[PDB]
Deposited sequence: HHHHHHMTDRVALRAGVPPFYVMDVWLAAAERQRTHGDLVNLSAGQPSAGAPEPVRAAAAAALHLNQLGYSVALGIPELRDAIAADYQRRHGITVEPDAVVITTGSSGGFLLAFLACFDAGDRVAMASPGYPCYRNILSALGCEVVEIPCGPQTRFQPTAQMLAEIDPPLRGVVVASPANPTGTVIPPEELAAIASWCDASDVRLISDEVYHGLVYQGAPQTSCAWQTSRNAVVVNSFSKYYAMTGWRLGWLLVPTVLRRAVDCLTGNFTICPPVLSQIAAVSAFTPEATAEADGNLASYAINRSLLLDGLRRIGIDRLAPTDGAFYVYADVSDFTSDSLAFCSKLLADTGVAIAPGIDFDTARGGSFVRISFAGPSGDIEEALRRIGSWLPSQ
C-alpha cells in the first residue's frame, strides 16, 4: 500500500554486513571498516551496571536524565577543559543519534536550510531530509582541511537557518582549528543561524594535531552534541548528551518526554562511573593503542603508494585518496574483500558527489589487524 515519501531516504551498516559474510564463508576477515571501538565499556562502568541490576528497580528516570550523570558531565567540562557549565544545560539523550533528533526538531521547522560539510557523517543528511529540512552540502577538500570556514558559510545563498559541524569528523578525522570554530560560532550568532556542534569524538585526538574546543567557549547559542559511544566505548549502551541553550530547554524537555520518555536508565546509572580516574585511564589506554595503530597505518600507506590523506587529527579513521588505483571506490572495496578479505569503507557512503575517489580505513582494532592488512594490500594493489 502506502509508503511515506519522506521515509524514502538513503540507508546508513551495509558494508558491515558484507564483512560478516566473509568470516562465515572464508574466515580470513581483517576488519578496518567499523565505525566503533573494538573495546567495550570501562570496568567501573560495567561494575556500576552490575551493582545497579541488584540495587535499582530500573524504572523510568526523569526525562532530562538523572541528576548524578548531569552533575558529572557538567563537572567534566570544568575539570578537563576549564569551561563552566550549569547542570541544567546538560540533557541526557539516547545516544548522540537521539540528541540529533531532539536538536533538529527543537531548532528547525520543515523547509529550513541546514548546511554541513561533504564528506561527512551520512546520517545528518538522512535525519534532516526525513524531518523535512533542506540539506545544503558544502563540498570540502584539502584546501580547507576538509572542514567548513566562516567565509565559506558567508558565501552561501539563499541564507541558512542552521549549520552542522563535526570536529573530529567522520570520515576524515580532521579537527576544526579552535580559531576557525570560534569564527564559525561568531558568524552564526551575527547571521542568526543555529550552530549544531558535533563533539562526539572529543577525547580522541593525536599528538601534533590542532587542539579541540567546545563551541560553548565562544557562543552558548550553539547546540553541543556529544556521546559515550566513542571515547568511553559505550557504543551499544545508547547514551549521550546535549548542551542546550537556555531558550531551547523547554522545547527539548517537551520533545524528549514524548519521543523517548527517558534515556536507558541502566546506561545512565553506569555512566556516572565513566568520570572516575580508573575509567579515564582505560579510555586513554584505548587512545594509546589507536596512536600506535595510526602510526603503523600512515607509514604503511605511504610505502604501498597511498600518500594523499585527510589530516588524521582525531577519531580513528584515515580518509584516503585512492583515485590513482581506481575510478570507482565502491568497486575497489568490494574486490579487496573478495580477494584478500581486508574490509574497508567506500567514500560514496560519506560523499555522493566526490566519494568515488575516496576510502575510509578504521584503526580502532588490534595492531595485528593493521599489520596483516598492510601485508595483504601490498601484495594485491600492484596488480590492479
Comparing the deposited sequence with the modelled residues, which stretches have no C-alpha coordinates?
1-8, 21-22
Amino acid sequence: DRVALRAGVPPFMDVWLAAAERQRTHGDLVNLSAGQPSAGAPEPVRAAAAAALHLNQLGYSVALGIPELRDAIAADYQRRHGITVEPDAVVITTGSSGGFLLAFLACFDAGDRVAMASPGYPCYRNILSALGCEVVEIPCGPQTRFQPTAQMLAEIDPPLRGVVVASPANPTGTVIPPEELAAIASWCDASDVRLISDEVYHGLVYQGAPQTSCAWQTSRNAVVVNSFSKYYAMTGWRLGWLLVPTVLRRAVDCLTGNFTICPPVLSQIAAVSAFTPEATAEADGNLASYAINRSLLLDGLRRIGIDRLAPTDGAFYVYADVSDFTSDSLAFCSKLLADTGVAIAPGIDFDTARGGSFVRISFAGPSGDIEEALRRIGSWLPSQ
From here on, numbers count along this sequence of modelled residues.
Out of 115-123 and 218-226, which stretch has the higher average CA B-factor listed in the record?
115-123
Residue range whose averaged C-alpha B-factor is higher in the record, 85-93 or 130-138
130-138
Out of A315, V62, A49, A331, highest CA B-factor residue:
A331
Between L195, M152, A281, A72, which one tops the list for Cα B-factor in this entry?
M152
Would you check the entry's CA temperature factor for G347 and let me know if it's in the chain's lowest, middle or highest third?
middle
Lowest, middle or highest third: where is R79 by C-alpha B factor in its chain?
middle
According to the PDB entry, is the CA B factor of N31 in the bottom, middle or top third of its chain, that is, lowest, middle or highest?
middle
Quick check for you: using the entry's CA B-factors within this chain, is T144 in the lowest, middle or highest third?
highest
Pull the Cα B-factor of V322 out of the PDB entry and bin it into the chain's lowest, middle or highest third.
highest
